[PDB]
Amino acid sequence: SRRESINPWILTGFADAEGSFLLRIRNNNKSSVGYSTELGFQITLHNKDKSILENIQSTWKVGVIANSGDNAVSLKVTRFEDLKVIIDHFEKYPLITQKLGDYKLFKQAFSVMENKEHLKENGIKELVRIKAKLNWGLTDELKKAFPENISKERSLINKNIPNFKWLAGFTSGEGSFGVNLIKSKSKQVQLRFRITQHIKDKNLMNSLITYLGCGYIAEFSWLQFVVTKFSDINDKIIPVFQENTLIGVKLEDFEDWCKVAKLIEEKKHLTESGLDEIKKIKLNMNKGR
DNA sequence: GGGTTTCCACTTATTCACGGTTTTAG
DNA sequence: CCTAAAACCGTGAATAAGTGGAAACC
Ligand SMILES: [Ca+2]
Ligand SMILES: [Ca+2]
């Protein structure tokens, strides 16, 4: 094992995909103020893509990888001084989804802990206000212990895709390359490239159609950006990710996706031998892989 | 060393990735 | 008539986040 460096925009794009921040406020009787804290950033992936965590850790030289279950692997960046490396990276390469607001409050808690103010109750009360507008909110225990209020209202992030490398990192995490075999008589193979995201990023999802110049948005939360015209796929969708290399097992799925795209380009998908060969490539990829 | 950090094990709520069909476009 | 691109489904699980516990640090 040697690991490889990852494009920082592909990394920042992947952080927008599967990344997550954490801010812990735990009841600690041994603590002086009665509550200890832990701040950092984490990513949880499947064991099949554990190489990404090693390559992400090799690029930053921070964080630790530990098994997050029988079928999961996680990377946690909890060291305080090491968080400065993750912070300085995101300042130069900012987030574009609804996670940028979480990083803004991630810095707002690092600064409280930077001045060592997280040991006094007056400073701890500030950390309780930060946790409200971030994350999933405070638990019932933390809400009962602190009746004080916080006012900020996390505003919806309005940003645009900076470059293709961000899209490559985001699509590597939240993108799906599917080969659709529609059933019909006589003797249909369809290629679709869907991307699922929450309704909170509908501003980004709507801009994704104009950014690539194609696609339609389907419609509970949820959302979906789908492209089906083979002219757009073979000319605007497939060559974009070929220039900006992907990361993870989805690259091998993309590699097997281009093979079926070349057959449709040669129009050999109508042949029985071509359709049979597509079934072999389709079954040995995506969920079957 | 006495609070304080940082690390490992392990869990939980839901947005995912992903599949398959029925129906319209042209 | 024909193959294409669009529209509708539907769910399991890999996620996005979370806690308990104790070691390790200074
Ligand atoms: Ca996400
Ligand atoms: Ca994924």
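Readers should treat all values here as calculations from the given coordinates under stated rules, not as data from a laboratory. Backbone-built Cβ (ideal geometry, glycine too); neighbour counts: all protein chains shown.
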- Note on the structure: Taking the stretch A:170-217 and the residues there that are assigned to a loop (DSSP other than H, G, I, E, B) and either within 9 Å of DNA strand B (Cβ to nearest atom) or touching an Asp or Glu at 6+ places or on another chain (Cβ under 6 Å) (or both), the one that is nearest to A:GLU272 (Cα to Cα) would be A:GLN188
- Query: Can you tell me which residues in the stretch A:40-85 are crowded, with 20+ Cβ neighbours inside 10 Å, closer than 20 Å to A:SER111 by Cα and among the hydrophobic types (A, V, I, L, M, F, W, C)?
  - Reply: A:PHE41, A:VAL62, A:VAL77, A:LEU83
- Residue selected from the stretch A:221-257 under the condition within 13 Å of DNA strand C (Cβ to nearest atom) and among the polar types (S, T, N, Q), by the criterion nearest to A:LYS50 (Cα to Cα): A:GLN224
- What strands (runs of 3 or more DSSP E) completely inside the stretch A:1-85 contain at least 2 residues that are touching a helix residue (DSSP H, G or I) at 6+ places or on another chain (Cβ under 6 Å)? A:19-27, A:35-45, A:73-77
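Could you grab me the full set of residues in the stretch A:55-88 that are away from DNA strand C (no atom under 14 Å from the Cβ) and closer than 22 Å to A:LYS250 by Cβ?
To start, the set of residues in the stretch A:55-88 that are away from DNA strand C (no atom under 14 Å from the Cβ) comprises A:55, A:57-62, A:83-88.
Hits for the stretch A:55-88 are A:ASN55, A:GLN57, A:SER58, A:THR59, A:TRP60.
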